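Chemist: Just one file: my_file.pdb, with PDB, C-alpha atoms.
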MODEL        1
ATOM      1  CA  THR A 114    -113.072 -86.409 -39.452  1.00  0.00           C
ATOM      2  CA  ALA A 115    -114.515 -87.370 -42.835  1.00  0.00           C
ATOM      3  CA  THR A 120    -110.329 -91.444 -51.401  1.00  0.00           C
ATOM      4  CA  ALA A 121    -107.141 -91.691 -49.353  1.00  0.00           C
ATOM      5  CA  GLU A 122    -105.540 -88.816 -51.272  1.00  0.00           C
ATOM      6  CA  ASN A 123    -108.337 -86.430 -50.285  1.00  0.00           C
ATOM      7  CA  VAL A 124    -107.702 -87.328 -46.627  1.00  0.00           C
ATOM      8  CA  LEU A 125    -103.940 -86.748 -46.501  1.00  0.00           C
ATOM      9  CA  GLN A 126    -104.209 -83.401 -48.301  1.00  0.00           C
ATOM     10  CA  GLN A 127    -106.248 -82.165 -45.333  1.00  0.00           C
ATOM     11  CA  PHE A 128    -103.369 -82.899 -42.956  1.00  0.00           C
ATOM     12  CA  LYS A 129    -100.797 -81.282 -45.251  1.00  0.00           C
ATOM     13  CA  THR A 130    -102.731 -78.011 -45.385  1.00  0.00           C
ATOM     14  CA  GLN A 131    -103.260 -78.011 -41.613  1.00  0.00           C
ATOM     15  CA  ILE A 132     -99.556 -78.357 -40.813  1.00  0.00           C
ATOM     16  CA  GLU A 133     -98.471 -75.777 -43.393  1.00  0.00           C
ATOM     17  CA  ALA A 134    -101.056 -73.371 -41.933  1.00  0.00           C
ATOM     18  CA  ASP A 135    -100.095 -74.018 -38.301  1.00  0.00           C
ATOM     19  CA  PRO A 136     -98.536 -70.873 -36.764  1.00  0.00           C
ATOM     20  CA  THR A 137     -95.631 -72.980 -35.458  1.00  0.00           C
ATOM     21  CA  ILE A 138     -93.933 -76.251 -36.434  1.00  0.00           C
ATOM     22  CA  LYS A 139     -94.432 -75.495 -40.131  1.00  0.00           C
ATOM     23  CA  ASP A 140     -91.106 -73.641 -40.278  1.00  0.00           C
ATOM     24  CA  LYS A 141     -89.479 -76.643 -38.560  1.00  0.00           C
ATOM     25  CA  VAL A 142     -90.797 -79.584 -40.628  1.00  0.00           C
ATOM     26  CA  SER A 143     -91.441 -80.442 -44.270  1.00  0.00           C
ATOM     27  CA  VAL A 144     -94.475 -82.323 -45.591  1.00  0.00           C
ATOM     28  CA  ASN A 145     -95.242 -83.877 -48.970  1.00  0.00           C
ATOM     29  CA  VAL A 146     -98.039 -85.960 -50.493  1.00  0.00           C
ATOM     30  CA  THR A 147     -98.114 -88.119 -53.621  1.00  0.00           C
ATOM     31  CA  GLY A 148    -100.092 -91.016 -55.028  1.00  0.00           C
ATOM     32  CA  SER A 149    -103.598 -91.270 -56.449  1.00  0.00           C
ATOM     33  CA  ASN A 150    -106.834 -92.478 -54.847  1.00  0.00           C
ATOM     34  CA  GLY A 151    -105.736 -95.647 -53.049  1.00  0.00           C
ATOM     35  CA  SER A 152    -101.942 -95.391 -53.224  1.00  0.00           C
ATOM     36  CA  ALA A 153    -101.772 -92.028 -51.469  1.00  0.00           C
ATOM     37  CA  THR A 154     -98.778 -91.500 -49.193  1.00  0.00           C
ATOM     38  CA  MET A 155     -97.209 -88.794 -47.048  1.00  0.00           C
ATOM     39  CA  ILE A 156     -93.608 -87.930 -46.182  1.00  0.00           C
ATOM     40  CA  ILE A 157     -92.449 -85.922 -43.158  1.00  0.00           C
ATOM     41  CA  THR A 158     -88.835 -84.938 -42.525  1.00  0.00           C
ATOM     42  CA  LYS A 159     -86.669 -82.565 -40.529  1.00  0.00           C
ATOM     43  CA  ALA A 160     -86.656 -79.017 -41.896  1.00  0.00           C
ATOM     44  CA  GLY A 161     -84.883 -75.799 -41.035  1.00  0.00           C
ATOM     45  CA  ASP A 162     -82.760 -75.534 -37.915  1.00  0.00           C
ATOM     46  CA  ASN A 163     -84.967 -78.093 -36.153  1.00  0.00           C
ATOM     47  CA  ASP A 164     -83.084 -81.365 -35.686  1.00  0.00           C
ATOM     48  CA  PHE A 165     -85.774 -83.675 -34.253  1.00  0.00           C
ATOM     49  CA  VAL A 166     -89.182 -84.805 -35.513  1.00  0.00           C
ATOM     50  CA  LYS A 167     -91.603 -87.593 -34.596  1.00  0.00           C
ATOM     51  CA  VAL A 168     -94.959 -88.948 -35.775  1.00  0.00           C
ATOM     52  CA  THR A 169     -97.412 -91.198 -33.935  1.00  0.00           C
TER      53      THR A 169
ATOM     54  CA  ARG B  12     -95.624 -99.469 -54.270  1.00  0.00           C
ATOM     55  CA  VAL B  13     -92.969 -97.269 -55.845  1.00  0.00           C
ATOM     56  CA  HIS B  14     -93.210 -93.548 -55.128  1.00  0.00           C
ATOM     57  CA  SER B  15     -91.256 -90.407 -55.950  1.00  0.00           C
ATOM     58  CA  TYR B  16     -91.155 -86.894 -54.531  1.00  0.00           C
ATOM     59  CA  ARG B  17     -89.619 -83.514 -55.311  1.00  0.00           C
ATOM     60  CA  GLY B  18     -87.634 -80.982 -53.318  1.00  0.00           C
ATOM     61  CA  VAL B  19     -86.200 -77.513 -53.738  1.00  0.00           C
ATOM     62  CA  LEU B  20     -82.746 -77.278 -55.300  1.00  0.00           C
ATOM     63  CA  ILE B  21     -80.370 -75.598 -52.833  1.00  0.00           C
ATOM     64  CA  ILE B  22     -76.922 -74.185 -53.604  1.00  0.00           C
ATOM     65  CA  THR B  23     -74.245 -72.533 -51.457  1.00  0.00           C
ATOM     66  CA  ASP B  24     -71.457 -70.088 -52.300  1.00  0.00           C
ATOM     67  CA  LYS B  25     -68.635 -68.141 -50.628  1.00  0.00           C
ATOM     68  CA  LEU B  26     -68.617 -64.662 -52.230  1.00  0.00           C
ATOM     69  CA  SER B  27     -66.056 -62.309 -50.673  1.00  0.00           C
ATOM     70  CA  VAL B  28     -64.491 -59.007 -51.758  1.00  0.00           C
ATOM     71  CA  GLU B  29     -61.175 -57.186 -51.312  1.00  0.00           C
ATOM     72  CA  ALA B  30     -59.855 -53.768 -52.284  1.00  0.00           C
ATOM     73  CA  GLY B  31     -56.149 -53.062 -51.761  1.00  0.00           C
ATOM     74  CA  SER B  32     -54.508 -49.696 -51.178  1.00  0.00           C
ATOM     75  CA  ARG B  33     -51.702 -47.377 -52.272  1.00  0.00           C
ATOM     76  CA  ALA B  34     -49.891 -44.246 -51.106  1.00  0.00           C
ATOM     77  CA  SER B  35     -47.720 -41.548 -52.653  1.00  0.00           C
ATOM     78  CA  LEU B  36     -45.585 -38.572 -51.644  1.00  0.00           C
ATOM     79  CA  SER B  37     -43.275 -36.165 -53.493  1.00  0.00           C
ATOM     80  CA  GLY B  38     -40.974 -33.396 -52.313  1.00  0.00           C
ATOM     81  CA  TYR B  39     -37.509 -31.894 -52.377  1.00  0.00           C
ATOM     82  CA  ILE B  40     -35.140 -29.814 -50.267  1.00  0.00           C
ATOM     83  CA  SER B  41     -36.386 -26.266 -50.735  1.00  0.00           C
ATOM     84  CA  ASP B  42     -34.381 -23.201 -51.737  1.00  0.00           C
ATOM     85  CA  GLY B  43     -35.754 -19.678 -51.972  1.00  0.00           C
ATOM     86  CA  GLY B  44     -39.323 -20.830 -52.501  1.00  0.00           C
ATOM     87  CA  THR B  45     -41.460 -18.476 -54.570  1.00  0.00           C
ATOM     88  CA  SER B  46     -42.242 -14.802 -54.065  1.00  0.00           C
ATOM     89  CA  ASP B  47     -44.264 -12.369 -56.156  1.00  0.00           C
ATOM     90  CA  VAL B  48     -41.888  -9.506 -55.331  1.00  0.00           C
ATOM     91  CA  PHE B  49     -38.261 -10.082 -56.318  1.00  0.00           C
ATOM     92  CA  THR B  50     -35.896  -7.103 -56.368  1.00  0.00           C
ATOM     93  CA  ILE B  51     -32.346  -6.087 -55.493  1.00  0.00           C
ATOM     94  CA  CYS B  52     -32.101  -5.143 -51.812  1.00  0.00           C
ATOM     95  CA  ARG B  53     -30.052  -3.001 -49.445  1.00  0.00           C
ATOM     96  CA  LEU B  54     -30.282  -3.600 -45.683  1.00  0.00           C
ATOM     97  CA  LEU B  55     -28.997  -0.926 -43.319  1.00  0.00           C
ATOM     98  CA  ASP B  56     -28.627  -1.011 -39.541  1.00  0.00           C
TER      99      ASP B  56
ENDMDL
END
Show how you would write the structure in this file as structure tokens.

Modeler:
Amino acid sequence: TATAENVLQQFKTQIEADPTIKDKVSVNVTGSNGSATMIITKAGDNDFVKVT
Amino acid sequence: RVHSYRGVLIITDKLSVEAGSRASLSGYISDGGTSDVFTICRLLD
């Protein structure tokens, strides 16, 4: 709860610091200010991932 | 938009090892062998 880039970076750090799920998924952020974007994909042995 | 990202370069390999083996053996039909003492003999009953 509060640019767009500064918002997504918060989520990326949270997931990477989560005790679980971080080893199972991969996250990535790119873009500046208003063109910020995030990418989430399957990682490790985990075969399924969803976002909503 | 047009965006790009980066990932870690991953490579795979198959390393395996093997040794081989050998054996040997040498001999001959013996006669007399070897004795420190070797002298003419007389054997009575």

Chemist: Please write as a list in words the list of polymer residues whose atoms come within 12 Å of (-101.8, -87.0, -55.6), counting all atoms listed in the file and keeping to the coordinates of the file.

Modeler: residues 120, 121, 122, 123, 124, 125, 126, 129, 145, 146, 147, 148, 149, 150, 151, 152, 153, 154 and 155 of chain A; 14, 15 and 16 of chain B

Chemist: Quick one: distance from atom CA of residue 163 of chain A to atom CA of residue 140 of chain A in Å, one decimal?

Modeler: 8.6 Å

Chemist: Quick one: which residues end up in the PyMOL selection byres ((chain A and resi 158) around 9) for this structure, as a list in words?

Modeler: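 Expected selection for the PyMOL selection byres ((chain A and resi 158) around 9) here is residues 142, 143, 144, 156, 157, 159, 160, 165, 166 and 167 of chain A.
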
Chemist: Would you save the residues of that selection, restricted to C-alpha atoms, as a PDB file, in the coordinates of the input?

Modeler:
ATOM      1  CA  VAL A 142     -90.797 -79.584 -40.628  1.00  0.00           C
ATOM      2  CA  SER A 143     -91.441 -80.442 -44.270  1.00  0.00           C
ATOM      3  CA  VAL A 144     -94.475 -82.323 -45.591  1.00  0.00           C
ATOM      4  CA  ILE A 156     -93.608 -87.930 -46.182  1.00  0.00           C
ATOM      5  CA  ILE A 157     -92.449 -85.922 -43.158  1.00  0.00           C
ATOM      6  CA  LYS A 159     -86.669 -82.565 -40.529  1.00  0.00           C
ATOM      7  CA  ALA A 160     -86.656 -79.017 -41.896  1.00  0.00           C
ATOM      8  CA  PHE A 165     -85.774 -83.675 -34.253  1.00  0.00           C
ATOM      9  CA  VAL A 166     -89.182 -84.805 -35.513  1.00  0.00           C
ATOM     10  CA  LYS A 167     -91.603 -87.593 -34.596  1.00  0.00           C
TER      11      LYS A 167
END

Chemist: Using 5 Å of padding on each side, determine the axis-aligned box around all atoms of segment 21-32 of chain B present in the file and give its centre and edge lengths in Å to one decimal, as JSON.

Modeler:
{"center_x": -67.4, "center_y": -62.6, "center_z": -52.1, "size_x": 35.9, "size_y": 35.9, "size_z": 13.0}

Chemist: May I ask for the distance between atom CA of residue 162 of chain A and atom CA of residue 133 of chain A, given in Å to one decimal place?

Modeler: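 Separating atom CA of residue 162 of chain A from atom CA of residue 133 of chain A is a distance of 16.6 Å.
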
Chemist: To one decimal in Å, tell me the separation between atom CA of residue 21 of chain B and atom CA of residue 127 of chain A.

Modeler: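 Separation between atom CA of residue 21 of chain B and atom CA of residue 127 of chain A: 27.7 Å.
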
Chemist: Complete segment 134-150 of chain A at the level of N, CA, C and O atoms, written as a short mmCIF file (atom, residue, chain, number, x, y, z; two decimals), in the coordinates of the input.

Modeler:
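Writing the result to selection.cif gives the following:
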data_model
loop_
_atom_site.label_atom_id
_atom_site.label_comp_id
_atom_site.auth_asym_id
_atom_site.auth_seq_id
_atom_site.Cartn_x
_atom_site.Cartn_y
_atom_site.Cartn_z
N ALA A 134 -100.36 -74.54 -42.44
CA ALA A 134 -101.06 -73.37 -41.93
C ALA A 134 -100.90 -73.19 -40.43
O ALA A 134 -101.34 -72.17 -39.90
N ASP A 135 -100.29 -74.15 -39.74
CA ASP A 135 -100.10 -74.02 -38.30
C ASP A 135 -99.15 -72.86 -38.02
O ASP A 135 -98.12 -72.73 -38.69
N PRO A 136 -99.44 -72.00 -37.03
CA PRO A 136 -98.54 -70.87 -36.76
C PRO A 136 -97.12 -71.30 -36.43
O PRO A 136 -96.18 -70.57 -36.76
N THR A 137 -96.94 -72.45 -35.79
CA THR A 137 -95.63 -72.98 -35.46
C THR A 137 -95.50 -74.38 -36.05
O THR A 137 -96.46 -74.96 -36.53
N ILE A 138 -94.27 -74.89 -36.00
CA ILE A 138 -93.93 -76.25 -36.43
C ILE A 138 -93.78 -76.30 -37.95
O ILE A 138 -92.98 -77.09 -38.47
N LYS A 139 -94.54 -75.48 -38.68
CA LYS A 139 -94.43 -75.50 -40.13
C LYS A 139 -93.05 -75.07 -40.60
O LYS A 139 -92.51 -75.64 -41.55
N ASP A 140 -92.46 -74.06 -39.94
CA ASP A 140 -91.11 -73.64 -40.28
C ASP A 140 -90.06 -74.67 -39.89
O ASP A 140 -88.91 -74.56 -40.33
N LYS A 141 -90.42 -75.67 -39.08
CA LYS A 141 -89.48 -76.64 -38.56
C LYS A 141 -89.55 -78.00 -39.25
O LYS A 141 -88.62 -78.79 -39.10
N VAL A 142 -90.62 -78.29 -39.99
CA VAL A 142 -90.80 -79.58 -40.63
C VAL A 142 -91.23 -79.38 -42.07
O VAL A 142 -91.70 -78.31 -42.46
N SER A 143 -91.04 -80.43 -42.87
CA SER A 143 -91.44 -80.44 -44.27
C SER A 143 -92.40 -81.60 -44.51
O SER A 143 -92.21 -82.69 -43.98
N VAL A 144 -93.44 -81.34 -45.30
CA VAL A 144 -94.48 -82.32 -45.59
C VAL A 144 -94.61 -82.45 -47.10
O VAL A 144 -94.28 -81.52 -47.84
N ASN A 145 -95.10 -83.61 -47.55
CA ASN A 145 -95.24 -83.88 -48.97
C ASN A 145 -96.22 -85.03 -49.15
O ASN A 145 -96.25 -85.97 -48.35
N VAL A 146 -97.03 -84.95 -50.21
CA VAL A 146 -98.04 -85.96 -50.49
C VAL A 146 -97.96 -86.33 -51.97
O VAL A 146 -97.76 -85.47 -52.83
N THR A 147 -98.12 -87.62 -52.25
CA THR A 147 -98.11 -88.12 -53.62
C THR A 147 -98.90 -89.42 -53.65
O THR A 147 -99.18 -90.03 -52.62
N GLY A 148 -99.26 -89.84 -54.85
CA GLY A 148 -100.09 -91.02 -55.03
C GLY A 148 -101.54 -90.64 -55.30
O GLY A 148 -102.01 -89.57 -54.91
N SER A 149 -102.25 -91.54 -55.97
CA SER A 149 -103.60 -91.27 -56.45
C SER A 149 -104.59 -92.25 -55.84
O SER A 149 -104.38 -93.47 -55.89
N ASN A 150 -105.66 -91.71 -55.26
CA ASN A 150 -106.83 -92.48 -54.85
C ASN A 150 -106.44 -93.43 -53.72
O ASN A 150 -106.58 -93.07 -52.54
#
